[PDB]
Every structure is written in structure tokens, then in C-alpha cells.
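# dropping in the first section of the assembly, placed as in the complex:
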Amino acid sequence: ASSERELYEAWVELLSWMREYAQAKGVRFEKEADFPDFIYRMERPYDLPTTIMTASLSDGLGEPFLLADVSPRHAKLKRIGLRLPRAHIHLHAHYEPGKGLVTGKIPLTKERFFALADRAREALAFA
Amino acid sequence: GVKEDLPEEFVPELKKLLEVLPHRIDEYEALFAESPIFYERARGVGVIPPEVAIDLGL
Amino acid sequence: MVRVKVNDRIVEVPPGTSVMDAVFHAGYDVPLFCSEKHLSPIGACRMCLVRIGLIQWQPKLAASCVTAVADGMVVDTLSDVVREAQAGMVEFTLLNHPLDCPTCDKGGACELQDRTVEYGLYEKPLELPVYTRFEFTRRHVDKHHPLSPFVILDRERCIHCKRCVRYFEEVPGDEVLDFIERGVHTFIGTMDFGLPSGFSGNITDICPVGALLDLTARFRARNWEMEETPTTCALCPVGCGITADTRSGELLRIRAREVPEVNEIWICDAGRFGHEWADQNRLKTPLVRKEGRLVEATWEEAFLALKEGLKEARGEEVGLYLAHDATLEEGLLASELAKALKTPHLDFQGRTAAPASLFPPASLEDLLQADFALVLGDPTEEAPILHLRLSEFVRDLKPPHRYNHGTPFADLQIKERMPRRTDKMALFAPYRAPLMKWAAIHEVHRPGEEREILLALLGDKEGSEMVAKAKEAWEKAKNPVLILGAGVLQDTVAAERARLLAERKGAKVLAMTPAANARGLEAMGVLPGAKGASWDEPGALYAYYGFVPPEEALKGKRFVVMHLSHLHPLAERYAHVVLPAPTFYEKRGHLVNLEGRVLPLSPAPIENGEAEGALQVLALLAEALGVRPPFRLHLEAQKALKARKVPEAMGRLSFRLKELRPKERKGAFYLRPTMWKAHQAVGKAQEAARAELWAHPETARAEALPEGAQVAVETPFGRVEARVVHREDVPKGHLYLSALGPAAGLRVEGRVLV
Amino acid sequence: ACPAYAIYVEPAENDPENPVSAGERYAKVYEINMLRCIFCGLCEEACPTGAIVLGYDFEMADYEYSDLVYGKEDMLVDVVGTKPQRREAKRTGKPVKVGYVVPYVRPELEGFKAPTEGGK
Amino acid sequence: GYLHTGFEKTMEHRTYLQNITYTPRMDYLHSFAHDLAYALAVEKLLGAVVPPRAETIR
């Protein structure tokens, strides 16, 4: 319901992290997508806390090692997903009220995400 | 069908002008039927048989 | 033939054929996505599912296309159930198809889009529409991934067009892609990271979405807006039909034009991307040497100059030396002129020691009916896509049935992922080739040895095992086609020996030349005079130049008139008049295709400023010389062409011109037959078309060379920087240097400049 | 949509760091020849960005052909008048007016505030 | 016949939608009638129907 909001707020959060890691390691970031519902929004209420629907971390070859996508506004089954290229690792962030934002059921933290990132970055290291 | 809905504003004004017009129409008519000069300019002229109206296409 | 009834109409159509094609012949249609022209089907799209009676009705809707035909068959396509299903599959397809239409640049060419709207629509007269049943979030995956210096990849475009992956197998038989993860998690990728195949770019056209696009024209124009100008290629001697997509009188994009004579649906990469020089700074106002510098002049000012230049000239002092980029018309006019006013020679830039008028040409379609191909040369470089035509030959395919639409869209005769032969061809290159992938008979020869091979096949020298097996094979090959290089045509003896063998068992020849329209110009007698000289050599003291010649050419002259399209270092201390010349795109005239076929070249609609063809300019030199050539226009030239006895619209022409003027020297530097030409090295292809220097690891070592770097080299054909290639297929004792521009097969002298 | 073909549009792909429009494509050149503009309105209907929204302008007229092919920056929601109006208002130093009023804005416009019964 | 365009020609070189531009551009008076008449023709052809309210407005 309003789950939505905290999720969005979480999505920003996560994104923020993605940038941080990006700068931290100096690794390449690229915003991928923006909301359809921003484009074709044109007088109908927009209030999303960012404009960004999809964004990714790339190796420095334009090849991502990590993709990060939010669900759109009215697009049901609202979750945020991650997936590591060539790994078949598909992560489904739910939000759980009374907890926070959970990875399956385990609460996400930044470090979790960093660990995922480093193992990605270093392992797959396509370039 | 048309591409969007009517204005609401359309309704007042539409009534309004229907009120005024009957009277107005009359007053234009009023200029013509009398004015015996109106007669003397118009009546005789503009002739053509109905039959020929179709033949030549009217 | 097979008795088909598709719904309400019957057709004969011989057996082994796809239902699909008869459908389209019948004027009935279906949505179609997987299978395609010139390619073996798969079932994957599943769009060609119909029901059929023969009279009952199948319990499962077979992909008609995949299935063969049957006599007395009924095909049902107007089925209510079909239409419903079509929509169905459409919806299914659309499930993750990311919304991107306005910025989609598949766009007008989004055939997918068009099928959607054709065949789609909800099952319900409606009083309220429906659009979906879907509503969940889509997949988000990969985009903005540059796949190549020419090609951008945004992955979620793909419909799982399997076409390209398929292409790579079918057409080049060289693979570089693959599906990756399974199920829905899947997606196609490369692990080449930039695909080093010589044919690649066709996939842009094949991509039935906009995943693979020409970045160079990304966000530059829109599909519909372009004028798609069918015209002719000339950039390789195949000179394929092409289509110049243009807006603002500027070349947006080259796409294939699908003549099934000189390609089918196939283009070289060099052809498609190697066009930016045209899109770039080019000569567009006449120049003259002042006293120290070049001066912006008119045509008139030049004509005055021409008279001046021809006031102390006898016309035997004058050299006419053309590019290998001249039309029949310009040829014809040169011919007639050099008659009229004798000059000591006519030549053209790419011209060789022994013509292709020493041999038959052949057809590509001829080459499918063939037995064996004995190959000496390099299809990949010289005649690129012929390489591919051979691949098909080799993969065993017999000529396509062409009907009331030409090509069908399924190969049942051949079926993908399946063998090829090696022993159906013989190969001679002086080094490495991709052909060796399919070759077992392959041989790296020394440069000058080619003749000897020939000699040995005739049996007056002793071959190798390969050459022996070859000997045998040529016997056993009842109608083989002999394929001849640059190293062949430029070396008299080799040519002679070939000439013998190919006569002995009479048989057609495919003559790959570094000249483009070598054969037309040959026919137009643009060959040395009896006293003569070559295009490379000086033979005059004044000159007309359709091209930038050899350095040694420039010395031996004192008035030089160049009709060029750009400036080059060779000119600003050797020029006396430079003039603007039109692109081959925007040139007008007729060319003699390597097949033997005459083709017209459309003028392209492009900006050019001033650039009034060599036709006019050559005419005007003659005007400056007191000689009216009987024509100076296209129109009269067509007449005059026809007069020379050529029937327009792809005549086959025949003539045997025997001149066997020797001219070889033995160098230690090679002119390697290359796939690129100097002026192409601009744009993003700047690097792609830079020079390479190949040498045996041994000689590399011995000269203490860095084998990653680029090295300065000085040749009498210019100073090149060249990446250093180790390659033991090059025997030491020669340096193979990638010859940008025409000219190959030569042993040439230069120096490893330091 | 423009039957007059009244639009010369050079496209471009936005800056990734500094995108002039959030999109990946924008209009690097946006020209309109008002000398034949159809002001289709269908124009508006096709545009999906709702970029194009008819104004309330009509105070346009000048002496020179090629001045009347209004540019991008003249075609914004950020200008304060018509080209001649504005050009006058600098040389004269006078301010602006446009002499129209509506009952209220059109919802479609949602930037610029026009005189509306409460301005002129 | 000192004026003329050849609308009839031109409109074969524009879309159906586009043609609706042309229809009131040859009747200074009742513009909408031309338009309607053309509309109807098309509507008939592909068999499309029009809402009652639409028809009211029309």
C-alpha cells in the first residue's frame, strides 16, 4: 500500500549505496532507465523521490556486474531486484513492515550489499 | 466521434444565444418583406423553372 | 508439382517446399518472426502455426513453414482460432518487451510492431477496450552496452531473435555469440568482446528489433524520414546493390540492397561502415598552383588554365591515368579520346600485368552448380562476400527456387548446425586465412612461388602431397572453378600457367582484382599503348589523374591535373590543379561487375558543393586540346556504350584481350591484399582500417620489433604506421604489409623506416 | 503529423551526467517555420512528452521571411513575449503585455502563467 | 477557374487523418459539413460507429 513509499525510500537508499561503492572503488556506474511513467507523465501527478527506474554498476567496459531495478509505481508485485550477470543470482528485495527492508527475510544492510558487490566485482571481473 | 468532451461553459452560453436569436432573426426579416423597394429590386428576378433547375442542376 | 489449396485458391508449387511460401504466393499471409530469407527455419517463433486438412484437421498447429507440403492439401489461415492465437502469442511476446518506442529506432522497421497491430486485438464489437492482462513489473536487464566500434547493444530489445546467432552459423560459419542463462533468465552475449569477423554488420539489418544499431546514426534521424536510395556498391569488385539512407542530403546509413546476383542479403562490414570519408571533408572547389600555393578557382579559371597547359603540349606529352573508380562511360570516353588524340598509353590505377580479359568470369550462381573450387588469392579480402558464397557451396546447397517473389524463407534442403566439407576446395594463400578453418588443403607459399604450384599441377614441377591430391582432384572435378588472386594477375608466368590449365580442362574463372571495375576498363582499352607505360610508372610529362598515383609517378611530370575528392600529402608539392570529384555513391555510369554483368550506378542525393565528374573534366581537357570527343554527356554515352555493343541492364559481355606485358620485380616487402583502403581510415573505422605488418615471428625477433606496437615503415607507396603482427604463416624473408588502396600480390621494395 | 512539414528537428542523445532532458534523446535543434505552421494541435496529440502546447500568442508579424522561422528558445514556456514584442521591448526598454485573458489556464499548460482576468 | 488547387489530387498524397485538414479549407461557410461528409464516408467504409452523444454534438 504505502509500503510503496518506504520501498521507494529504500530504493533511493540502495541506489545511494551503489553510487558510494561506485566512487569508493572508482568503479563505473551508469544509470540505465527512467520511469515510463515520468516520460508519459505530463500533468498527471508525479511525486516519486527520484526519476530513476534502473541503474547499474559496470566493470568499466559498459558491461554490468550488477543490475539494480525498482518496480514502477502502479506496476504490481512491487519489489526491487538485483541480479548478477552470469551468475544466475536473482535477489528479490521485499519490504517487511515492523522490520525494514529484507533480502528474502534477512534484513539488508549496506555491508551485505558491499559483500555481494565485492564478490561480484572481483569474481566476475569480466574486463 | 469527436475527440474530447464539451466544455461545461458551453451550456450557459448556448442557452443564452438561443434566447436572444428569435427576436433578432425577426428583426432582420423585418427589413425585407416590407420595404416596397425590396420588392422592386427582387421579386421579378431570379427566374428559372423547377424543371430546368434539375436539368442544369441546382 | 504439389497440389496445394490455401483456403480458397489452389497453386502448383513443386515438392519439398514449405507451406508458408505457397501461402504467400497465394496471397495469404501470417505473422512470421523466426525463419527468414536465405536461412533454414526453426520452429522458434511459432507464428506460422496453422491448421491443415488433407480432409481432417491436425490436433496441434504445426508451423506450416517448417512442415513440407502435400498434394490435395487444404490450409486454413483465415481461422478465427488462428487470429485469436496470433494475438495470444503476440501478448506473450510483449510481456517483457520494454516500452521504448519513441526512442526505439527499430521504429518504422519494427516489423514486430507492425505484426502486433496487424494480427493483434482482443477477443471481444467492443464497447470498452482491453489492453492487457499483464500488469506486473517487467524484467530489467542490460542496456547501453557498446558492442563494437560501430554497434551499440541494449539487450532488453531482443526478442530472442536467434537470427544473428543462427547467421553466424549459417552464413560465415564463424560464431562469436551465444545464449547464456537458461529459461527466462537467458540472454545472448559475446565473449569475444568485439567481434573480429569480417562480416558482422549485416546483423543490424537482421535484428528484428533495434538491439543492434549503428551507433554512428543513433539519435540522428528517424526510420521513415530517410530516403532509401537503391544504388550500387563499388567498394569491392563485387560492387553489391546497396541502399543509401539519406536525410539532409547526407548519408545516414548504408543498408543492403538485396539483389540476388551479387549478394543475396549480404554486405561487408567495410562496405557499410567505411563511408564516413564521404560524410567528411572533401574537395569541393578547384585549385591551381599559384607560384607557391593552391588557389581557390572556378571551373572557368581552370579551363583557361587547361588551354594554357595544353598550349605547349603535343598530347603525347600528356598522360591519362585513371582511378580504378571510373565508370564505363568515363572509360569509353577515355578510349575514344586516346584514339583521337594519341597519348602513349591509357591505364587505370588498379590495372595488372595480365588482365581478367585473359580468362572467363563466372557467376556466383554458377559456383553453386560447380564441382570444386581451386583457390589462389583470398576471397575474404578481395571479394569479401564470395567467401561466404563459397561457405554455402561448401555447406552443400544447390540453387534456390525463385518464383513470383524470388527467395522463400526456409531451407529444408540444408538444415543448420550441420557439416561442411574441406575437400570440395583447394586453397593457396601466402599466409593465414579464415578459410583454413574449413581448409585442410591450405598452404602458405613464399611470394613468387605461386607460378611453381601451377607448374607443378600441370606436372612440370613436383608438387607437395597437397598439390598432388589437388592434381587428382582437378581431374576428378569435372567442372571446377579456378579462383585467381592478385599475385596471379600481376605475375605473367603464373597467369600463363593458369590460362593453360583452365583451358586444358575448359572452365570458367573467378578473377579477383585489386582494381574494382577492372574488367570494364580493360574492355574499354584503357590499357597501355603499344609503346605504352603503366599507371604506376610515369609515361608522360603532363598528366591527368583520376587518383593519387605512386610517388615515383609524380616525379617525371611538370603539369598535373587531379580530379580528387580529398587532399593528401602527395599533392601539395606535386599538384598543379586539383579538382573536386564525386563519390561513387553519387557518380553516374555503368560498371562491369566481377560476375560479368553490367550494372548501372545510381547518383545518390548528396551534398557535394562543386564536384563535377571526371567525365566532364576529361571532356574539357580535350576541349582545351582542340578535340571534340563525340560525347560528353551520359545520354550520348549510353548510345555510344550500346554502339560499342553492350545491351544495357546487365548484359553479359565477352572478349579476350591478350596483353601479357611483364613488369614484375622481386622485392622483400609485400603488398598484402587487404580489406580496406587508405581513405577509409577515418571515423570510428580510423583504427579498424589502419595498416598491419605481418611477419614471421622469426623475422620479427631478428629485427627486434615490438609485437604489439605500431611501427613507422617507409614505402614508395607512403609512410604508414602499422601494428605489428607476429604470424608464422608469413615465412620470414618477406615483410607482408597490408596494402591499403588497390595493389596486391606485388613484391615491392621499401624499407623499415626508423 | 505536420502536413506542412513545419518542423526541422535535429535530434541528439542527452549528456549522461548533465542530461538536458531526463531522456536519452532530446531535440538538439528544434525549429518551427511559423510561415506555414499548421499548429496542427494533432501535433500536441502525437507528442508524448506533451512538449508542444499551443500558446495564446498571435502577436507575431515581421517584415522578414527568415525571422519568422521561430527557434527553440523562442518556443519555450520561458519566454516573455513574441519575438518582435521582445525585440521591441529591449530596444525601447519598455516591459511587456500581451493583451489577452482566458478564464483560467488550460490544464495542459502548467508552467507559464498568462494574464487571466487579473492580467492583460 | 482562376483559382484552383486540386485538393482531390493532393489528398491522395496525404493520409486520411490529414485529409481532415483539407475539408474545411474549401468552405468558408459551413466548414463542419464538408468535414462531416468526409468523416461519414470513411466511417461507413470501415464500418465504424459513433456514440450517441457524439452524434448529438455533431
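Perfect, thanks for sending it. Numbering: from 1, shown residues only, chains lettered A, B, ... in the order given.
# what residues are up against residue D:29?
By CB atoms under 8 Å, 6 or more residues apart in numbering or on different chains, the residues touching residue D:29 are D:8, D:9, D:10, D:72. Using the backbone N, CA and C atoms, a C-beta is placed for each residue, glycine as well.
# what's the local residue count around residue 33?
Went with chain A since none was named. 21 (other CB atoms under 10 Å in any protein chain shown).
# ah, I was thinking of chain E
Residue E:33 has 12 neighbours, counted by other CB under 10 Å.
# what about the closest residue to residue C:24 other than its chain neighbours, distance to chain D?
With CB to CB, 6 or more residues apart in numbering or on different chains as the measure, residue C:405 is the residue that lies nearest to residue C:24, at 6.7 Å, once sequence neighbours are left out. From residue C:405 across to chain D, the span is 34 Å (CB to the nearest CB, to the nearest Å).
# please save the CA atoms from the helix or strand harbouring residue C:24 in PDB.
Assigned by DSSP states H and E, residue C:24 belongs to helix C:19-26. Extracted in PDB, the C-alpha atoms of helix C:19-26 (Å, rounded to 0.1, in the frame of the first residue of the first chain):
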ATOM      1  CA  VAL C  19       3.500 -24.400 -46.800                       C
ATOM      2  CA  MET C  20       4.500 -20.900 -45.800                       C
ATOM      3  CA  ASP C  21       5.800 -19.900 -49.200                       C
ATOM      4  CA  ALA C  22       2.700 -21.200 -51.000                       C
ATOM      5  CA  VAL C  23       0.700 -19.200 -48.500                       C
ATOM      6  CA  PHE C  24       2.500 -16.000 -49.500                       C
ATOM      7  CA  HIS C  25       2.300 -17.000 -53.200                       C
ATOM      8  CA  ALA C  26      -1.400 -17.500 -52.700                       C
END
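# who's in contact with it?
C:4, C:6-7, C:9, C:11, C:13, C:29-30, C:32, C:35, C:48, C:50, C:52, C:64-65, C:67-69, C:73, C:75, C:77, C:403-405, C:408-410.
# does residue D:8 belong to a helix, a strand or coil?
Classification of residue D:8 using DSSP: H, G, I helix; E, B strand; the rest coil returns strand.
# so it sits against residue D:37, correct?
No. At 11.9 Å, residue D:8 and residue D:37 do not qualify as touching, with contact defined as CB atoms under 8 Å.
# relative to chain A, how far out is the residue nearest to residue C:24?
39 Å.
# so that residue sits in a strand?
No. Counting by three-state DSSP, residue C:405 is located in no strand; its state is coil.
# can you give me the helices in chain D?
With DSSP state H as the criterion, chain D has helices at D:42-46, D:83-91.
# one more chain, chain F:
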Amino acid sequence: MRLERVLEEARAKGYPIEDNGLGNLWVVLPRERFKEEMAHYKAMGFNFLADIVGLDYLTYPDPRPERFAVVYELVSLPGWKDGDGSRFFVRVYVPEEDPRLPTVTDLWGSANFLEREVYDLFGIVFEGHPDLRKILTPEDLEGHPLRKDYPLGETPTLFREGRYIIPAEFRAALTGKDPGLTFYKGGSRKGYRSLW
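One more piece, chain F, placed on the ones above:
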């Protein structure tokens, strides 16, 4: 209904009878027999000859017997003291070689000008017609203009820095003959209709 005594006759004379499901009907005649046939109709109580549309079928994506075809629309005005509302077309395919055809000035003085137009726009000389002149077009432009063959006459539109549009390839528009970017079409894009 006035129509019907024509219809049985038409059928009797074997003339093909076109019909659109929109209830529009043509009668395909030869040139020769037309005049008299049509004479008989007016006699049979056909009030009003509304139209003459000259047709150029230079290029069509189906075969037709002739390139030039005329079509009359005859009507019976029921609001008149005679008539039944009986409205129908007559189509008459026309040799390109002879752009002749006897007038119907003879039965309506409307015709006069209508046929004049048709001389201008398509090449047809209607036999027995007083005056051919253009009544609608220059006589300094020739070639019986408004034909498919006949030029379309475009000019590039101009924008800053001379940047121009050429109309005739700008268009994403098409004809049925035309294929566009697509290699084929079917479905909707081969037309569509409804019944529901």
C-alpha cells in the same frame, strides 16, 4: 424501385453489376450502348443526373479492364412529384487510346460543364459537347493534369541554415502497391472492415 425495371433489364443484357455492402451499385457497360441505355432511363423516369466522376486507374494493385473509367450517378428525386429515391451508379470502362465518349448533355444540361472538367482533369473528349476549354485550370499547363502519371509538384520547405525537407520522401505514407519498410504485410495493414 424505378431502378428495378432497369435492373432486370441490365441482367437481361448481362451487364455486370457491382455492389458494395454499403449498398452502392455500379453497372458496367460498354461505351457504344451507353447513350441509348441512358436515354431509356431518363425516359423511365430518372430525374436527376448528379455526377460524372472520371477515374484514372493508371496504377492499381488489381487488374481493371481499362485505365480510364467514367461513372455517372443517376438519381430519382422522390421529393419531386416523380421519383423514388432510386440512386445508382453506372460505370463504363474507357479505352485509353480513344478518350472519346458521347455526351449526356442531351439528357441533362448539368453535364455540360461536368464533362468539361473531365476533359481537363483526365483526357476525355466527350463527343457532342459544345466548348472544350479549361474552366478551372490554366491553359498554360498542359497534359490533362490530375492524373497519376501527371507530376505532383513539390518544393522543399526551408529552415535555418538552409536546412530543408523534401516532402515526397518525407512521408511514411503509402499505397497498397507500395510496400514500405516491411517486406510484406497482411492483417490490418492489408485493410480491415467490420460487420459487428
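# take the contacts of helix C:19-26 again, chain F included.
For helix C:19-26, using CB under 8 Å, 6+ apart, the contacting residues are C:4, C:6-7, C:9, C:11, C:13, C:29-30, C:32, C:35, C:48, C:50, C:52, C:64-65, C:67-69, C:73, C:75, C:77, C:403-405, C:408-410, F:184.
# filter the residues you listed down to the buried ones.
C:4, C:6-7, C:11, C:13, C:29-30, C:32, C:35, C:48, C:50, C:52, C:64-65, C:67, C:69, C:73, C:75, C:77, C:403, C:408-410 (16 or more other CB atoms under 10 Å in any protein chain shown).
# these in strands, which ones?
Among these, DSSP state E puts C:4, C:6, C:11, C:13, C:52, C:73, C:75 in strands.
# so how far is residue C:684 from the most far-flung residue of chain A relative to its centre?
Here chain A reaches farthest from its C-alpha mean at residue A:43, the gap being 27.0 Å by CA atoms, centre = their mean. Using CB to CB, to the nearest Å, we find residue A:43 at a distance of 41 Å from residue C:684.
# which residues touch residue F:66?
Contacts of residue F:66 by CB under 8 Å, 6+ apart are F:57, F:93, F:94, F:95, F:96.
# the same query, at a cut-off of 6 Å, please.
Going by CB atoms under 6 Å, 6 or more residues apart in numbering or on different chains, residue F:66 touches F:93, F:94.
# centroid-nearest residue for chain D?
Geometric middle of chain D (CA atoms, centre = their mean) lands on residue D:75, at 2.3 Å.
# do the lengthiest helix in chain E and chain B come into contact?
The residue-count maximum for a helix in chain E (DSSP H) belongs to helix E:31-46. No. Helix E:31-46 is not in contact with chain B by CB under 6 Å from any CB of the partner chain; minimum separation 9.4 Å.
# and that helix, what's buried?
Neighbour-count burial for helix E:31-46 [16+ other CB under 10 Å]: E:34, E:35, E:38, E:39.
# any idea which of these is closest to residue C:716?
Ranked by distance to residue C:716 (CB to CB), the buried residues of helix E:31-46 are led by residue E:38 at 73.8 Å.
# what about the closest one, distance to residue D:61?
Distance from residue E:38 to residue D:61, by CB to CB: 33 Å.
# ditto for residue A:39
Counting by CB to CB, the gap from residue A:39 to residue D:61 is 36 Å.
# just confirm yes or no for the helix or strand harbouring residue E:17 near chain D.
Following DSSP H and E, one finds residue E:17 within helix E:16-22. Yes. Helix E:16-22 is in contact with chain D by CB under 6 Å from any CB, via E:18, E:21.
# check whether residue F:73 sits in a helix, strand or coil.
Criterion first, three-state DSSP; result for residue F:73: strand.
# give me the nearest residue to residue C:40, chain neighbours excluded.
Taking CB to CB, 6+ apart, and ignoring the residues beside it in sequence, residue C:40 has residue C:411 as its nearest neighbour in space, at 3.9 Å.
# add chain G to the structure above:
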Amino acid sequence: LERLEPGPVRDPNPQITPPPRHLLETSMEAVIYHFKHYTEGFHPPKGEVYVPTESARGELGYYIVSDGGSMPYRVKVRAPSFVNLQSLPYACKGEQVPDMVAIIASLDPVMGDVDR
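If we add chain G to the chains shown above, we get the following:
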């Protein structure tokens, strides 16, 4: 006015009608059809058609042959006033000279009919 109440204002078959623009936001299929509609525009089937109508100016009608392209293969316009003008030398037989002006005017010329 009596017969007026809420209702959709155009045909809701989105195949043949451009869709509402408040839904591009939503489905792809929308987007597709929308895009398509305003670019290419539909293909009506092959046919000729005519409808007679009463204009203010008289008998109005369009004889439209479409070949099933995106543009018609014939647009004939029935222009009443033009036909009505044929009857002018007739109408103006033996008339008086100041009167002749009015006699033209009274018939109503809209030159568009005529000129086309």
C-alpha cells in the same frame, strides 16, 4: 440539448481509433498502436464509397476510392455550388444590367466549390 448526457466521445475500438493518451503510461500495446496510428495511419479495406448529404450549400458528398493504402486512390468531391453555377447564363437570361449583380449574389458563390 434535451438529448444530451455523458458518454464516450469516440469509438472505443482502439484498432481503428487512436487510443487515449492517459494510458501510454500504462501498456505497451497502447504505445504501439498509438505510435503507429499517428505515424502510418491505418489501412481501410479496398472500396469506393459515397454518401449523399445535405449541406448548407446543397447536395454534398464524397466519392472516395481507396485502394487500401494509407492514402486514398481517388478523392472525388461533389461540389454543389459549382454545379449550381452552371445554371447562371440561364438564370441571367435577358436581365437588366444593375440587376445582374444581385442575381449572382443571390445564388451564393463559395468559390471553393468551383475552384477546388
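# so, the buried residues of helix E:31-46 revisited with chain G in the model?
E:33-46.
# sorry, back to before: show me what the helix holding residue E:17 is packed up against.
In terms of contacts (3 or more CB pairs under 6 Å, 6 or more residues apart in numbering or on different chains; DSSP states H and E), helix E:16-22 is packed against no helix or strand at all.
# and residue C:166, that's in a helix?
Yes. Residue C:166: assigned to a helix according to three-state DSSP.
# am I right that residue B:48 is in a strand?
No. Applying three-state DSSP, one finds residue B:48 to be coil, outside a strand.
# count the neighbours of the closest residue to it other than its chain neighbours for me.
Nearest residue to residue B:48, sequence neighbours excluded (CB to CB, 6+ apart): residue G:91, at 5.4 Å. When neighbours are defined as other CB under 10 Å, residue G:91 has 23 of them.
# then residue D:96?
If you count neighbours by other CB under 10 Å, residue D:96 ends up with 12.
# so who does it touch?
Per CB under 6 Å, 6+ apart, neighbours of residue D:96: D:80, D:81, D:89.
# can you do 8 Å?
Contacts of residue D:96 (CB under 8 Å, 6+ apart): D:80, D:81, D:85, D:86, D:89.
# which ones are touching the third one?
If a contact means CB under 8 Å, 6+ apart, then residue D:85 has D:59, D:96, D:98 as its contacts.
# right, and the helix or strand after the longest helix along chain G?
Secondary structure assigned by DSSP H gives helix G:28-39 as the longest helix of chain G. Reading on from helix G:28-39 to the C-terminus, the next helix or strand found by DSSP H and E is strand G:53-55.
# and the helices in the chain, which stretches?
Went with chain A since none was named. Counting by DSSP H, the helices of chain A are A:3-25, A:36-39, A:110-124.
# wait, chain G
G:28-39, G:80-85, G:88-91, G:99-105, G:111-115.
# same deal with chain B?
B:10-29, B:36-42, B:50-55.
# how much space is there between residue C:329 and residue C:582?
13 Å.
# out of these two, which sits in the more crowded spot?
Neighbour totals were compared for residue C:329 and residue C:582, and residue C:329 leads with 27 against 21 (other CB under 10 Å).
# that one is in what secondary structure piece?
helix C:328-340.
# now do that helix: distance to the chain's middle.
Relative to its parent chain, helix C:328-340 has a centroid offset of 27 Å by CA atoms, centre = their mean, to the nearest Å.
# next: stretch A:90-98.
For stretch A:90-98, the distance to the chain centre is 12 Å (CA atoms, centre = their mean).
# give the buried residues for stretch F:19-39.
F:24, F:25, F:26, F:27, F:29, F:31, F:34, F:35, F:37, F:38.
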